[PDB]
């Protein structure tokens, strides 16, 4: 009875619900099992003294020793860390079994490797080598599976990168990334939920139950959310149903569920964030994920007033979390301009006049002007200009309004039709004035049609001279406020003292 057994060998690869996944697509951190099966040992074999299955596991597959042993009864399991290689030896019991009756066939048992796939866009190939009686052995077939995240994949023609994307826009739908945005304007952010690569996924139940989320780490120091304008649409153009919207002031403030999901995925937001959520993972998965249908989230956010006084930049970033795996969007930067309106006293109406600083004391009965310098509105800005007003509340004890004002361009203003209004040009014709002589105050209002004719790509600044007569001795306060696009901005003296 010489001639040791020479069974055929079949390696099999399965997900955590014991479904075959050979040559498919499975999500990152999926549990992936390998079964090292052998054919039945034939009647008239020799005594099997040793039956060892060596399996050098693929790069990026993380071996779970305890689970493996749990799944591989009748086998001693040993693992070399250096080489990521598991070895199974049939125990004395299993060999007693193979040898009990050499005159009749016997079924083998098999060891199962339990582990997870750690990396995105990767192909994981596996085989194993039986050797019998510390002599002859044989290498198995090759099985494999792929994680989504990689283009030109032969097994999954839809596989591309997982890239959630973010873009900023004005209400016309024009791209406003990188541009100046005036306090009160809204950022009509469009977040993409990138699912197309997940098409024909074959992950287990346990993996899908880890859920689907989307985070917008908005800058709460600069923006407040218009939550009521959010519009989740699929890539076929349809409304999206199962996703709920929440916002939270900080990570510490938000439920145990969300802290966990963000913590697991490795996402720690800066202060406040907006978070979307698949209400039923399974349904979401079955409708959009498995079908490779990108989502679109429109999440508009308005710029706080309090930011026009400081100015400075803000940035928005998004994250998608599929099966508990975290991916970052591109970062979109905008900046708010400091609107810095200035007030001076001058004896002339000449916009090019000498820039004297001298403590301007106005002799009794002198005709003078308050020079009300408007805020600088920088080139390449969000929305159209539609309001630009100079309010001026004067003290009637000391100052009498003459009924005469003029307005001047203070920088080169470019209109839409391409014509350019040079700095210094009289713009008075494009204004009117609200006067209340009784209260002691007036507002010079640029005309809406004229402002809306200013290119959004042009800088804009004007100044008003309002003519007064000083009618008493003593010194006299004067208040001026410049209002742009419905946002008030206090003036300071042009010369600090």
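Positions refer to the first chain, counted from 1.
On average, which has the higher Cα B-factor in the deposited entry, 235-243 or 361-369?
The entry gives the higher C-alpha B-factor average to 235-243.
For the stretches 248-256 and 190-198, which has the higher mean C-alpha B-factor as given in the deposited record?
The entry gives the higher C-alpha B-factor average to 248-256.
From 215, 142, 415, 77, can you pick the one with the highest C-alpha B factor in the entry?
Top of the list by C-alpha B-factor: 415.
Highest Cα B-factor in the PDB entry belongs to which of 322, 393, 387, 228?
In this record, 228 carries the highest C-alpha B-factor of the candidates.
Please rank the C-alpha B-factors of the chain's modelled residues and tell me whether residue 294 sits in the lowest, middle or highest third.
It falls in the top third of the chain.
Using the B-factors in the PDB entry, rank residue 456's C-alpha atom against the chain and give the third, lowest, middle or highest.
Highest third.
Lowest, middle or highest third: which one holds residue 343 when the chain's residues are ordered by CA B-factor from the entry?
Middle third by C-alpha B-factor.
Looking at the temperature factor on the CA atom of residue 22, which third of the chain's modelled residues does it land in?
According to the entry, residue 22 has a C-alpha B-factor in the chain's middle third.
Of the three thirds of its chain by CA temperature factor, lowest, middle or highest, which one includes residue 149?
As the PDB entry reports it, the C-alpha B-factor of residue 149 lands in the middle third of its chain.
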